[PDB]
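Starting off, we have a lone chain in the form deposited in one PDB entry, written out as structure tokens.
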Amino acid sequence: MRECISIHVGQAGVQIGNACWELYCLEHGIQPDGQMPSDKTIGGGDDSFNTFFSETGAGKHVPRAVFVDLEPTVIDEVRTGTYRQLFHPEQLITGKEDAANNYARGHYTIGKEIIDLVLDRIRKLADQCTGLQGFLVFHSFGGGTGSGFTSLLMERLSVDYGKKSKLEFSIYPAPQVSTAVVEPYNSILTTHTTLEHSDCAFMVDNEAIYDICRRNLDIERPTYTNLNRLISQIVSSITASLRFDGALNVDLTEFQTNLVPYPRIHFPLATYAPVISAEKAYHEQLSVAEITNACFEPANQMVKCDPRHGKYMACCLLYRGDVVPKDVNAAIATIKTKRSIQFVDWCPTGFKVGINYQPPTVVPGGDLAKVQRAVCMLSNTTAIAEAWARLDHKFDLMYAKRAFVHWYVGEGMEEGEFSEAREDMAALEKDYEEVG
């Protein structure tokens, strides 16, 4: 058992964090006060769930997590919600003035007032670990805190925890639910400065989640609460291999080995099926073949792009529920006879499979129906370059006129940083083209 520490930065990272830990408690049987009756070893243990939860002498199971925000409103809701007793109060850190949707305030001016306090509180959690493997960092690309503070934190973590793995869950901006006009700037700036400090990053495109809520869940105008519940289901499916017994992606190093062929192209695409509305409580159960085929439909992706336009470098299928291995073998065999699935000539054409035989858990109040079998596919495809192209284009339209740049320069940032970040994004786009 090797511990994982989760860090939630800014509004999006905090709100997604709260939805994730609620779901983890339900999957493991942990009550809102931290009590876990199925845990026979009180005050300690080396069970697989201990990777995410420590134990006190009174049998309290406490998340190995830190929540950070430059203003207090969002974290204040965690401090007073249903799960207020679950977290280490010193684990919820807030400032008084936010980054005003400005990467430079998050990274250089406001962020520097709290950076040492955050690192000292993270060290207190790390000191409690016997074999810390690394960190899971949740944050938006668009916010000033989510972009700027996260980059500053990732730079410091690389110095203080050199050999530890760092994985991100990043929220990629969409127009339908955006906060700010400068979100493309913040997104490019944070991508450039975190690229060398992050081992693997799962981007969640708010437009993809918003479309799924509208199409599959019949939600007229999805709010953050509906987006976050679906995102937490997907995040749980990705982290289940770390919290339960299994043979695939059992540690952070294995995520890099299976999904990241080269350090810079470290952005896997997640696909999840089936997503069924809770109002369809008597829905016909979908077979292993039907859910597996659904992983190759662009409509089920966490990022909007078309893998038919790209090539695969890795593909991992993670099943949960009533799934017989021979049925997976047969579904994959059928899927291989498909013209739209191409691998690069330097990777084996294989699909890695992991099965957890417990079906997914639904949260009370959620929008999803209970299902007997579900699958999350994680792939490294060159088609994710389409997400970067879309973002780089919005950056270029504004930057050509130097629109809004004065706000960044006025907050301790040199204008050359924008060109250096953009040049790194052009090189990233070429890295995907050179592979295929």
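Don't overthink the numbering: it's just position in the shown sequence, from 1. Residues that one form lacks are left out of the comparison. For clarity, a rigid core is taken as the largest C-alpha set superposing within 1.5 Å between two forms.
Below: the form deposited in another entry, not depicted.
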Just one entry of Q256, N329, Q342, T94 has its C-alpha move 2 Å or more between this form and the one not shown under rigid core superposition, and it is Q256
Using the core for the fit, does the CA position of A278 change by 2 Å or more between this form and the one not shown? yes
Spell out whether the Cα of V181 moves at least 2 Å between this form and the one not shown when the two forms are superposed on their rigid core. no
How about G246 - superposed on the rigid core, does its CA move between this form and the one not shown by 2 Å or more? yes
Once you compare with this form, do the C-alpha atoms of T194 and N249 lie closer or farther in the other form, given a change of 3 Å or more? farther
Since the Cα-Cα distance for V250 and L318 shifts by 3 angstroms or more in the other form, is it a contraction (closer) or an expansion (farther)? closer
Once the rigid core is lined up, which stretches of 3 or more residues in a row have C-alphas that move 2 Å or more between this form and the one not shown? 246 to 256, 278 to 281
